[PDB]
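Structure record follows, encoded as structure tokens.
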Amino acid sequence: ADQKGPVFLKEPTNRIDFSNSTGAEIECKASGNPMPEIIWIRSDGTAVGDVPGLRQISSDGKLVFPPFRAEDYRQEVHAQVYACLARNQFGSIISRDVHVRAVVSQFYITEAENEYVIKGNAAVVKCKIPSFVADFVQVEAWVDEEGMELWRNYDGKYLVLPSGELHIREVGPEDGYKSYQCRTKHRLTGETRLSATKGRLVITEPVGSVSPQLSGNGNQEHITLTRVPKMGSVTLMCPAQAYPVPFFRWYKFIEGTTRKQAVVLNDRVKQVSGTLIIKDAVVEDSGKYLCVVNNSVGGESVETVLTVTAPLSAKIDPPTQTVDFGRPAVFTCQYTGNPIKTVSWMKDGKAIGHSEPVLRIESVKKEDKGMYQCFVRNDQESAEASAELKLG
Amino acid sequence: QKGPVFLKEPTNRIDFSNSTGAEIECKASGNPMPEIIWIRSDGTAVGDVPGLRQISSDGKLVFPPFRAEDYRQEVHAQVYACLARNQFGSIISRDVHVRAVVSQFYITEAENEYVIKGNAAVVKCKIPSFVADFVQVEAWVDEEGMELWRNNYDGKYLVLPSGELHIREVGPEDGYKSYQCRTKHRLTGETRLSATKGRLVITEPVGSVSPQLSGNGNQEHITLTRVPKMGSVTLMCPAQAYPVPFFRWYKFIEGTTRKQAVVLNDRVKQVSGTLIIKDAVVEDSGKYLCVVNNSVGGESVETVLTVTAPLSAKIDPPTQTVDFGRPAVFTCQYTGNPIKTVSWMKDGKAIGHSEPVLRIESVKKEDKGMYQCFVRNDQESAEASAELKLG
Ligand SMILES: *[C@@H]1O[C@H](CO)[C@@H](O[C@@H]2O[C@H](CO)[C@@H](O[C@@H]3O[C@H](CO)[C@@H](O)[C@H](O[C@H]4O[C@H](CO)[C@@H](O)[C@H](O)[C@@H]4O)[C@@H]3O)[C@H](O)[C@H]2NC(C)=O)[C@H](O)[C@H]1NC(C)=O
Ligand SMILES: *[C@@H]1O[C@H](CO)[C@@H](O[C@@H]2O[C@H](CO)[C@@H](O[C@@H]3O[C@H](CO)[C@@H](O)[C@H](O[C@H]4O[C@H](CO)[C@@H](O)[C@H](O)[C@@H]4O)[C@@H]3O)[C@H](O)[C@H]2NC(C)=O)[C@H](O)[C@H]1NC(C)=O
Ligand SMILES: *[C@@H]1O[C@H](CO)[C@@H](O)[C@H](O)[C@H]1NC(C)=O
Ligand SMILES: *[C@@H]1O[C@H](CO)[C@@H](O)[C@H](O)[C@H]1NC(C)=O
């Protein structure tokens, strides 16, 4: 009973990101009797061809992108979606999505911007990262004028949020005598850069007659919807300037309920000034939060949406089944992870059926004996599980 | 012969510097003429506060100028109202929001913004949140003593009604110039220039860059802006990508998951990826969206818009005489946008009805008096007065 359809031993990761000097190689391995042949394709289901010095298919089936020149860059190659297909006589199955992105060595700079504060009011200096280079660039550490710096590596005064921003506990004219620059790390080449300018604190002495933020003439409230992976640290921003120091109360909405509740403050969950930090996010943390700002004059609130993503996975049951002619045949897709955008089924590398979690065949015919796959797509990643339908 | 009716009401907002005085007028009418009484937000009568507020002979509250140390919140920041009454009953004027402003130390900034060659840039003037209400952007100033004010769209350099500066089809030639924002304080007229000169740092495109989005994290923002009716709006879709993307603005509608293409015209203008609306109306309050796209990928920046129109209420009939035992009826017409809630009053106290039409099954002796329709929204209020006579 060694005869069986193909199954993926190793699927490449959903994200392959590399540089032009680095080059890259993608491995795809499958089993089953006879050993299936490995083949690379695109979204439309056509086999990818070789390209000189750019895209190679090695003897043992693999996708090789050699290191190339910035001029040799071709989008339809270097920014593309690929999929691995394994097949033998019994049937064929397609891998999950593989997003290949070859970054090049670019020029970018960051700058720390100055922020206005008031005595007694905390604040945050940020690091401007160009939006285009911001995906592969995050701040390694902040710095102080004489150069002794602060990593995640003591008196809580300066807190570094997981967002890579410097927090300052309360404030005082003593604080504005310092300047800071943020250093950043490229997660591809590992190259580092100091920010173009040292950020500074301008501290305003108040008198009276001021309420937090809002607007009287115009403008808006910013609803910031943000997502953080499971097991990752979140951040929720409630920066404001008021008179005198106000109260910050974090709240949360439950699943469409307009009734706002209290946020439990744990050793894992800290309200800091008005800024909330969560460690090790999970699906339950997903929801919209609220920050109530009131001093004696009243106020207005920061609305924030949180969505915790978890890595996608798929399992089909039964993994293999043999049913006679005329009977029903049923497949059940069992998946985990968030968010789940679309669900779909495939047959020998062909789209079939609806988006339903359960694929059913009323009367199984002889032509139905190929491989069946279940695909769960997401805004970011995807995944799938194979299966085999034999006959009797 | 008749009850109180307002001749001249006070306004919704009075904003004034401490260095400037201020006053609010309430004229009333009636037969006999009603007495005028000013009241706090809680309905309590206000007295003379020396040097801060005094009640003038003419039936108007006068706030004289004051030193910042004499500021008192229970006076200088509050909602007042004007109650006028006579034998037959009482009425109350629309809420009057009174905010006195002290001149506060501040400074502005023009910050650099990073872009890709061929993409469009928008430079912002940083205005601290606290004075941001009274401080707005007059013009932008370059290093040449040139300048940019607003206008009545196809040019490279253009100033947005939001007080920002849009630049189209950028190239290295653009980063060769700095910029400073000219601001104006509307209560005083103080003028400044941003202490820092904003420049443009440009990056030569090398290889494919999808629209902004995020792969790791934060930065997807829904801005919900409100602009007065007849005013000019600004709808933003910041993006930086290579090759240069294109921007399609769309419009959601009530209770819909879907949208439709914004129809461009002489009234509705698209500058690069930025959408501008002027001479707008209530119908122009949708929930908008812009979709950025290029040969790589795409992104959507979502924006909610609210156009506000001045609230004005009415009642018909303004007066009716009813023989005891029959029904009274009061219909209330209102306008202005939006409408948050509605309330009713009797001789200066809330009866607690939330609906436009007010009926009374059995009219009695005590039921005779003055009835008022009260409509409001977040920033504004409006009232309508009605009298009831007993036959
Ligand atoms: C992957 O792509 C990157 C980006 O294009 C590429 O790095 C580049 O390599 C080229 C060489 O092929 C560099 O070109 C220059 O060539 C002149 C001579 O023609 C040299 O003088 C240059 O040295 C400069 O170095 C300093 C900057 O670091 C300058 O300030 C100095 O004055 C010299 O001008 C340089 O060698 C090009 O500068 C780099 N650019 C970057 C951003 O790295 C890399 O080689 C590619 N990988 C491959 C092909 O495997
Ligand atoms: C409304 O309130 C505003 C602000 O509260 C107020 O404007 C202020 O006017 C006063 C003067 O009337 C200004 O006070 C000056 O401020 C400096 C500090 O910046 C002080 O050091 C000055 O004192 C000098 O003068 C002395 C001699 O008189 C010297 O011997 C001494 O060494 C100092 O040099 C001076 O008091 C203040 O700066 C402004 N503030 C603003 C924001 O404009 C305004 O007058 C009020 N309106 C009224 C009262 O109608
Ligand atoms: C807080 O401010 C909100 C306005 O944003 C207001 O509705 C609420 O009553 C205030 N609560 C307290 C306790 O100040
Ligand atoms: C535009 O981008 C959206 C996602 O932001 C995508 O769904 C759509 O297909 C794109 N359209 C074009 C023409 O690129």
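A note on labels: chains of the structure tokens are A, B, ... as shown, every chain counts residues from 1, and ligands are counted from 1 in their shown order.
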Check your understanding: Given a cut-off of 8 Å, which residues of chain A touch chain B, counting only C-alpha atoms, written out as a ChimeraX atom specification?
Key -> /A:70,73,75,79,103-104,106-108,116,130-132,135,204-213,215-228,240-242
Check your understanding: Which residue out of A:4, A:252, A:315, A:69 has the minimum interatomic distance to ligand 1 when only C-alpha atoms and all ligand atoms are used?
Key ->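 Answer, going by the shortest atom-to-atom distance: A:69.
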**Study point:** Members of range 13-245 of chain A assigned helix (DSSP H, G or I) by DSSP, as a ChimeraX atom specification
**Key:** /A:75-78,175-177
Practice item. Using only C-alpha atoms, determine which residues lie at most 7 Å from residue 109 in chain A, disregarding the query and same-chain residues fewer than 2 positions distant; provide the list as a list in words. Key: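 Close residues of residue 109 in chain A: residues 111, 195 and 196 of chain A.
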Review point. Which residues sit within 6 Å of ligand 4, counting only C-alpha atoms and all ligand atoms, listed as a list in words?
Key: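 Selection of residues at most 6 Å from ligand 4: residues 291, 292, 293, 294, 298, 299 and 300 of chain B.
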Check your understanding: Pick the closest to ligand 1 from A:263, A:57, A:47, A:102: which is it, counting only C-alpha atoms and all ligand atoms?
Key ->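 Among A:263, A:57, A:47, A:102, it is A:102 that comes nearest to ligand 1.
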Practice item. Output the neighbourhood of ligand 3 as a list in words, that is, all protein and nucleic acid residues with some atom at most 8 Å from the ligand, counting only C-alpha atoms and all ligand atoms. Key: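 Result of the 8 Å neighbour search around ligand 3: residues 292, 293, 294, 295, 296, 298, 299, 300 and 301 of chain A.
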Exercise for review: Name the closest residue to ligand 1 among the candidates A:125, A:275, A:30, A:189; distances are taken between atoms, counting only C-alpha atoms and all ligand atoms.
Suggested key: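 Going through A:125, A:275, A:30, A:189 one by one, the smallest distance to ligand 1 is for A:189.
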**Study point:** Interatomic distance (Å, one decimal) between CA of residue 153 in chain B and CA of residue 268 in chain B
**Key:** 11.1 Å
At a cut-off of 9 Å, using only C-alpha atoms, what residues contact residue 179 in chain A? Leave out same-chain residues fewer than 5 positions from it and give the result as a compact mmCIF listing (two decimals) with N, CA, C and O atoms, in the first residue's frame.
```
# COMPACT_ATOMS: atom_id res chain seq x y z
N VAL A 143 19.30 57.26 20.99
CA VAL A 143 20.61 57.74 21.43
C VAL A 143 20.43 59.03 22.24
O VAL A 143 19.39 59.68 22.15
N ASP A 144 21.44 59.39 23.03
CA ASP A 144 21.46 60.66 23.76
C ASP A 144 22.72 61.44 23.36
O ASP A 144 23.65 60.87 22.79
N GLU A 145 22.73 62.73 23.66
CA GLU A 145 23.71 63.67 23.09
C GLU A 145 25.15 63.17 23.15
O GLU A 145 25.90 63.33 22.19
N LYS A 198 19.09 65.31 14.97
CA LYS A 198 18.83 64.98 16.36
C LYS A 198 17.54 65.66 16.82
O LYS A 198 17.43 66.88 16.77
N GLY A 199 16.57 64.86 17.25
CA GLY A 199 15.32 65.39 17.76
C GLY A 199 15.53 66.16 19.05
O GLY A 199 16.49 65.91 19.77
N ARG A 200 14.63 67.09 19.34
CA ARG A 200 14.74 67.95 20.51
C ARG A 200 13.37 68.20 21.13
O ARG A 200 12.35 68.08 20.45
N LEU A 201 13.34 68.53 22.42
CA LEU A 201 12.10 68.84 23.11
C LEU A 201 11.94 70.33 23.33
O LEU A 201 12.78 70.97 23.98
```
Practice item. Name the residues in contact with range 321-328 of chain B at a cut-off of 9 Å, using only C-alpha atoms, excluding same-chain residues fewer than 3 positions from it; report them as a list in words. Key: residues 358, 359, 360, 361, 362, 363, 364, 365, 387, 388, 389, 390 and 391 of chain B
Practice item. Find the spatial neighbours of residue 166 in chain B, counting only C-alpha atoms, within a cut-off of 9 Å - ignore same-chain residues fewer than 6 positions away - and output them as a VMD selection string. Key: chain B and resid 120 to 123 156 to 160 271 274
Check your understanding: Using only C-alpha atoms, which residue out of A:253, A:247, A:151, A:180 lies closest to residue 124 in chain A?
Key -> A:180
Point to revise | Between CA of residue 322 in chain A and CA of residue 88 in chain A, distance in Å (one decimal) | key: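 CA of residue 88 in chain A lies 18.4 Å from CA of residue 322 in chain A.
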Check your understanding: Can you tell me, as an NGL selection string, what residues are no more than 12 Å from residue 50 in chain B when counting only C-alpha atoms, ignoring any on the same chain fewer than 2 positions away?
Key -> :B and (47-48 or 52-55 or 62-66 or 70 or 72 or 75)
Practice item. Determine the nearest neighbour of residue 388 in chain A from the options A:16, A:118, A:188, A:7, counting only C-alpha atoms. Key: A:7
Practice item. Find the residue from A:230, A:133, A:194, A:246 that sits nearest to residue 170 in chain A; use only C-alpha atoms when measuring. Key: A:246
Check your understanding: Can you list, as a VMD selection string, every residue of range 46-292 of chain A that DSSP puts in strand (DSSP E)?
Key -> chain A and resid 56 to 57 62 to 65 79 to 88 91 to 94 98 to 102 111 to 112 115 to 118 123 to 125 127 to 128 137 to 141 158 to 161 165 to 168 179 to 180 183 to 186 192 to 194 199 to 204 220 to 229 247 to 253 260 to 262 269 to 272 275 to 278 287 to 292
